[PDB]
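In: this one's a deposited entry, sequence included:
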Amino acid sequence: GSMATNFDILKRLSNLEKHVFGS
Amino acid sequence: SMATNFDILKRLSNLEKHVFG
Amino acid sequence: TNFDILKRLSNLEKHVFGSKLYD
């Protein structure tokens, strides 16, 4: 929804995953 | 809902603080 | 879509904080 758009949620989730699972 | 959205944002933001500091 | 987000958050949290002794 618009919250996810306005807060860049998918981008941020993806980056977290890269750090967490990449480590 | 605001509830779902607050949960998402709190959880995401806290993980960012933890992982990135 | 908010559900894919919630699922990914729960998975992240488990990976970071869950015990690695649990299969």
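Out: Okay, I see it. Numbering: from 1, shown residues only, chains lettered A, B, ... in the order given.
In: shouldn't residue A:20 be in contact with residue C:16?
Out: Yes - if you go by CB atoms under 8 Å, residue A:20 and residue C:16 touch, sitting 6.0 Å apart. For the C-beta atoms, the positions are set from N, CA and C on the backbone; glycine is no exception.
In: so which bits of the lengthiest helix in chain A are buried?
Out: Across chain A, the longest stretch assigned as helix under DSSP state H is helix A:9-22. Neighbour counts over helix A:9-22 (16 or more other CB atoms under 10 Å in any protein chain shown) mark A:9, A:12-13, A:16, A:20 as buried.
In: is chain C within reach of that helix?
Out: Yes - judged by CB under 8 Å from any CB of the partner chain, helix A:9-22 comes into contact with chain C at A:9-10, A:13, A:16-17, A:20-21.
In: is that helix in proximity to chain B?
Out: Yes - judged by CB under 8 Å from any CB, helix A:9-22 comes into contact with chain B at A:9, A:12-13, A:16, A:19-20.
In: between helix B:2-20 and that helix, find me the angle.
Out: 40 degrees (axes from the mean of the first three to the mean of the last three CA atoms, to 10 degrees).
In: and helix A:9-22, what does it pack against?
Out: Contact here means 3 or more CB pairs under 8 Å, 6 or more residues apart in numbering or on different chains; DSSP states H and E; on that basis helix A:9-22 packs against helix B:2-20, helix C:2-17.
In: hey, what's in contact with both of residue A:20 and residue C:16?
Out: residue B:19 (CB atoms under 8 Å, 6 or more residues apart in numbering or on different chains).
In: residue contacts, the residue of chain A found nearest chain B?
Out: In chain A, the residue found nearest to chain B is residue A:3; the distance is 4.6 Å by CB to the nearest CB. Contact partners of residue A:3, counting by CB under 8 Å, 6+ apart, are A:9, B:5, B:8-9.
In: which residues touch stretch A:9-23?
Out: Against stretch A:9-23 from outside (CB under 8 Å, 6+ apart): A:3-4, B:8, B:12, B:15-16, B:19-20, C:5, C:8-9, C:12, C:15-16.
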